[PDB]
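Quick note: numbers below take in every heavy atom, side chains included, and nothing from hydrogens, waters or symmetry partners. Just so we're on the same page: letters track the sequence lines, and every chain starts at 1.
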Protein chains: 2
Amino acid sequence: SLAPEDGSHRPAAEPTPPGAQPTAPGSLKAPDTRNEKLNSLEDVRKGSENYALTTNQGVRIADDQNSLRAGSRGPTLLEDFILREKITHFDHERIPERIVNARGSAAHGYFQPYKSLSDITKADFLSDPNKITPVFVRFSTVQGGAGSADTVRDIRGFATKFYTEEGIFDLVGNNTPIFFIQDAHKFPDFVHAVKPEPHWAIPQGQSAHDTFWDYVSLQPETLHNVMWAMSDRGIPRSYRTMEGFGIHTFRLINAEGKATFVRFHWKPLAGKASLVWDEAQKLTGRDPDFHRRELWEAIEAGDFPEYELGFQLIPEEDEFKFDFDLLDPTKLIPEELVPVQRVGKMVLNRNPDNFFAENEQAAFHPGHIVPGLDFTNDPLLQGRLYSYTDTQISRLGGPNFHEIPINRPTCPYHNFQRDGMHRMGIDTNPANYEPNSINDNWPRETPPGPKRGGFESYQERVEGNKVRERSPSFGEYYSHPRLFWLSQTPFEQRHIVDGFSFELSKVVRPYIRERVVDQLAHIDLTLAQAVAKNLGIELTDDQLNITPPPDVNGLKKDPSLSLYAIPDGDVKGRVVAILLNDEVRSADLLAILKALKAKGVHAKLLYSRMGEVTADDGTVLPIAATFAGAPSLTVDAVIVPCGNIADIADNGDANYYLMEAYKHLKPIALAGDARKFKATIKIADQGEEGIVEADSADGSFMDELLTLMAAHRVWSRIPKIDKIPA
Amino acid sequence: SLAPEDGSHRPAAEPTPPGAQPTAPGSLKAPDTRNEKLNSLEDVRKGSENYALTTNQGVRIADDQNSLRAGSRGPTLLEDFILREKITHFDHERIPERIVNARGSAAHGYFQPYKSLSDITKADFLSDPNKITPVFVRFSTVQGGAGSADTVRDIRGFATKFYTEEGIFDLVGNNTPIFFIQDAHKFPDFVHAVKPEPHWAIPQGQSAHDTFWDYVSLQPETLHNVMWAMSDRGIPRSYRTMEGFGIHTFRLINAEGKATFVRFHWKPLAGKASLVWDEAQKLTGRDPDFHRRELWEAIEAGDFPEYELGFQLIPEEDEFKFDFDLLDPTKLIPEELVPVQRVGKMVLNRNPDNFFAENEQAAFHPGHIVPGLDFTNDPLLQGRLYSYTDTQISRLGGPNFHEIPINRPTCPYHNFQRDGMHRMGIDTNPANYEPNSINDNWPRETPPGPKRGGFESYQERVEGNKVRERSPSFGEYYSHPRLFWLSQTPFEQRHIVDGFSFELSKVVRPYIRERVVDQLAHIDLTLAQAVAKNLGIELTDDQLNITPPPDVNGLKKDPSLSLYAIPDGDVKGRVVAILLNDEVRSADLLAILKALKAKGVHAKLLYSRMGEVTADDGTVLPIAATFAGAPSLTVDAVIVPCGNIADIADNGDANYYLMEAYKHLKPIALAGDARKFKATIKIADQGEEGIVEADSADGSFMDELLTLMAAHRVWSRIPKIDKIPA
Ligand code: HEM
Ligand code: HEM
């Protein structure tokens, strides 16, 4: 029952490209990657090699293949304590998944600021460019269960736990800069509406159903984040290629006591990139684990996800200077009005060891702040402060969830709290209360001050009556949707129109569709008309005369709201499919791989069967996957080298592979006789931008391909794809 | 007054076809469909129309849109108890999902036996053909989470709770007649191997990964159920079109105390029908809820799932008369050797009201037997008896899960058990122990007898030493795999080969694929060579010389092991896509739609946009979905009527619709100018079997199409689908 002779069961503990080795727990793949938090988990890491198999009480097991029975065909005996312990632990494996964001993928890394921020905040983790803060990040979808698919259309969660020297700070954000609703009291309404409908629990991972669009049509506050969801923001290529936002306005407090309003941003250093809808939806079927896999593999390859932290900063005296309320989380602050100041860089550089222990049990909370940070009255933030504490007690089984290893602070913690289910800490303090004399009052309160001080809330002025009332300043719902719409490129606008049209086609009750279209007519007539036409709906004269909402503080657009208007492409860590034949021209392949390797782009070698093929020069080429097994959905570009093209010329899967990649706007490159495939994608002989072609794969061919890949997708091909049957 | 004035928000309370009306809770869709269990749930059903919104304490709420704050832009106040109750209930909505079979879809129904089985069992529910037993049935996949996809390749669970007059009997079976392992002590091993891998929690809903095939390769007892899983059995078309089996040998006990060995069968009255792999995998992307949806809609349409319960019965004296052990759950009993005796009929005729409350909380247990039934020493069954009790106490929150409405017996239950979390029953008995005099010893024990007697175990002789030892009678692993293989049609054998080949290609460590292939060579050389060829592996001369395993009691095949070898087609409840154009020939459509209606086959009218088109004669045709919105994966056949074909002839989606349906072996029917689509699928001029074509949709056009549909798929097409890039 043993390992192969050749040690091929065990992956190399060295960075390797996706597919080259079986993936492995982080501490075994990258044992020399350390930080303070990863080190501190060492008390609970358990190995296995050379150890005897035992019960949980330490008793060695002789026979782990059989129950104890009276004779070998007899009844199982109740005294089999080994069987019952093993079955009981199995029987009790599951815990409640998260009520939202149950589907998520996490990794370890570190953060450091570029320069001390002491002028605007006394937060210790921002005080020194050479003081490094361990982090654990979990990225997530929102709607679906923990076993749902990665590449659904949904908002994404982006939660970062900072293990600072002055306490855990969790920054619990999303990949769009606003939320659907204004006041936390409506959260259960909204989430019930987007989640599977309660009679039949359908659909998973999708807003494309009646109840979501019903709530939307009756709650126009939702429309801004709905625009972002229906755009390609809702289908990121990778967690590495999306933006992050805290959404709410928070405060920074400096040593002088000055408060500055702040909104938090993460910039992906790999650039912004999203799938297209047909590709994203098909990919939930071909690989429901695509984003989880891609994140794990990037870290195993050395393509560490990196993000830049950035702050939009607004002085206290400028609180009311915009035509939107800063405390309204359905409103974004355009970068054109308030730029993002770069603050520091976060690098995710190691995977967990056990997904359940570290990812499933991690607990983040936006209420987890530190001195130098504070809240505001944002009525959605205010309610979140209550919710995460409450849900985690039942999800994680009691109030000692901070003792679960992943959640533990790395800085000191001491207090008079005691007991609770699964209490780990054995307190020796003779006192469990303060004030006490019997322990000289330790642990003691600490006055606030410039560093290492106790937490004190900023003394904000509160004046008003106890009311359940939405601020009048929050009652404007169309101008930000329209700013977003106007800031998208034409192809991005088309994909938005296609998102609304596809989703509303799945709404069974037609008046719900009509009411949503009426809401679109309040944002932009061109958008409303394009959706209406796809739905066979005709706008009335009144609808055509709805006056468009005002510009946002004179802005007619802000290109930072577009994924693509401003190029920010980075090809490192992207992947190319190379479609092999049984007599590959080894000169083509040499040049291809050399150029890819120079830019940090990975390759997957594909064929019509598994095993190996032999190139013209005797080189044996191992096959990663079949054309069916690793579809074009899972790669960024396709390259077909010369060789014996007749081997694959009439293979349906190989032809379809090119048709699918072509449809989904990916760069394709064809060398030598592979150019015969130009017929399948049915498109000229002078060639076309987006298809690289040459007698062979030279320097120039690869440079062209690599340039297209830096632009992510071939948008100019869009008019050509409605004709292809794929 | 948010409801539309025309009342179109509310589905009609009468049977309607899939897509015609919004779906609804069962008691609102079908209020007149009643049984004793459904009636008994009336005490906990809660309505809503005309009632005030309240807290859970009954306090009316005035403003469910806002939190209580100090000023309309101020902080939220801790005194907002309305907000806190609503968010707390929300925060605590989730419970742990089931450890296996977390993904499942359920319905209410009723069972009746065909005749009294008093001669072989004193079970009350089988005593009288006029005795109706309410049932609740849940069908499930096994590996994936509750939010994973339906049409994965997996075993399916088929669990039936019989609410009998002498106790709940749960028949907790699968859709194949054997299990992967022999002894319950290995269940955590096997389940851990198939489930997502522990470092990264990948893959969901798939056995296509290293750990599963590592375990299979080291445990040849698994091979028989592995053959079933790799066959089209692993991908059923519908829960309505798969077989059910209790797997284990149990006993029936009659009034005279005679024991008869029994294995339980469910026969689907709708026939056996499965998907093909590329279809199944893509459908997990296009509609991960396809089986759940299909079940619910069948019941809403009146296409009630019906199954015939059947027994294979073996006299006690015949225990040792087979080449295989009756207590070995990796062995099936061939129907050629022991026929299934028809026992009664089960009809599922009403959906749940609330999925969580009825489906998610339902608890089934194979240990829930009734007098007239008993267990055997099958060492897998023996361990199951321990596990379900134990898991349900954590899953459902305590020992009073039998008081959760869906789980309650409809017969009396009284005993001395008290307390426990969530105790609903208020016991008035002065006594909580027996024997007692202070309540005259009530409730009292009941002697066993012919009817209404207490449970007494059959007095089976036990003789042996206490051993953890597998019976040598269980040590044979290849003959049942071979009998299965040899019983499959040539196309089924091909789909088995492709299943192994596809799955093994995703195993990253090659030696593992090699080891599986070796195991295949012990089953059947043709099978092993064909998988080997697809994996680029050459068998050794030793491998080529392995002698096949013996026949199973002289049988070299049993056709009842095939899905298709014996026609059992049933078209009622199936569905056809009809591809519209903007001037449909209304005569073809009247004939098409009435032909389908007469046989109970549903239609979905499809186009390039939503809304309406107008037929040649002015008939308005309402559009159900777009070509991309409702892909050929979701239908059984496709019909293209004549009209203005030019409207859709260049539509890539409309052409691809036919390609996809063609590839997946579905019947396609083309009327008049729709025959121009023959070129998209490469159909010869003189036609081919599996494509119905005529000048018009009259005469025998619809009969021929319906004949194809009764045979499910056009298997003869398999060699043709190899070209076609789809
Ligand atoms: C700006 C709007 C919000 C954002 C950006 C957001 C973000 C997130 C994220 C990223 C997670 C997952 C953390 C993880 O990976 O474990 C999460 C979980 C959760 N959120 Fe929020 N959220 C928002 C609004 C709300 C509201 C209004 C409430 C309720 C008042 C709420 C309650 C919850 C709950 C109960 C969890 C599960 C936490 C756990 O089980 O540990 N969220 N949220
Ligand atoms: C012939 C073999 C088996 C069959 C046919 C089978 C069938 C099933 C089915 C259909 C379910 C889902 C019931 C539902 O819909 O809620 C289930 C659940 C479950 N099974 Fe089995 N099973 C088998 C073997 C085992 C074994 C050997 C064990 C452990 C010793 C086991 C432990 C469990 C557990 C813990 C659950 C979850 C039950 C709950 O949470 O209510 N099963 N089984």
Requested in this report: Using a strict cut-off of less than 4.0 Å between a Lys/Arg side-chain nitrogen and an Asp/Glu carboxylate oxygen, indicate whether B/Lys186 and B/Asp183 qualify as a salt bridge.
Outcome: no

**Report entry** Residue, of B/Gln65, B/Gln21, B/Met659, that accumulates the most heavy atom pairs under 4.5 Å with chain A
**Finding:** B/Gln65

Requested in this report: Could you tell me which portion of A/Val191 (side chain, backbone, both or neither) has an atom closer than 4.5 angstrom to a non-hydrogen atom of chain B?
Outcome: side chain

**Report entry** Engaged part of A/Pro288 at the chain B interface, taking heavy atoms whose separation is under 4.5 Å
**Finding:** side chain

Query raised in the report: Between the main-chain N or O of A/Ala630 and the side-chain N or O of A/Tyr657, is there a donor-acceptor pair closer than 3.5 Å?
Result: yes

Query raised in the report: Where does A/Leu68 contact chain B at under 4.5 Å (heavy atoms): side chain, backbone, both or neither?
Result: both

Query - Proximity breakdown for A/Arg395 and chain B, heavy-atom pairs closer than 4.5 Å - result: neither

Query raised in the report: In terms of heavy-atom proximity below 4.5 Å to chain B, should A/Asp353 be classed as side chain, backbone, both, or neither?
Result: backbone

Query - Side chain, backbone, both or neither of B/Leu78 within contact of chain A (heavy atoms, under 4.5 Å) - result: neither

Query raised in the report: Does any heavy atom of chain B fall under 4.5 Å from the side chain of A/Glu97, the backbone, both, or neither of them?
Result: both

Query - Residue A/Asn354 versus chain B: region with a heavy atom under 4.5 Å - result: both

Query raised in the report: If you tally heavy-atom pairs under 4.5 Å against chain A, which of B/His89, B/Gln206, B/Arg293, B/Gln182 wins?
Result: B/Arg293

Query raised in the report: Between A/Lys282 and A/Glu660, is the closest basic N to carboxylate O distance under 4.0 Å?
Result: yes

Query raised in the report: Between A/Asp80 and chain B, which part of the residue has a heavy atom less than 4.5 Å away: side chain, backbone, both or neither?
Result: both

Requested in this report: Let me know if A/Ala102 has heavy atoms under 4.5 Å from chain B in its side chain, its backbone, both or neither.
Outcome: neither

Query raised in the report: Contact part of A/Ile82 toward chain B, heavy-atom cut-off under 4.5 Å: side chain, backbone, both or neither?
Result: both

Query - For chain A, the option from B/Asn655, B/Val508, B/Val462, B/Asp289 that forms the most heavy-atom pairs under 4.5 Å - result: B/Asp289

Query raised in the report: Which atoms of A/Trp296 come close to chain B, meaning under 4.5 Å heavy atom to heavy atom: side chain ones, backbone ones, both, or neither?
Result: side chain

Query raised in the report: So, A/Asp210 and A/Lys506, do they make that salt bridge, N to O below 4.0 Å?
Result: no

Query - Residue A/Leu77 versus chain B: region with a heavy atom under 4.5 Å - result: side chain

**Report entry** chain B contact via A/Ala625 - side chain, backbone, both or neither, heavy atoms under 4.5 Å
**Finding:** neither

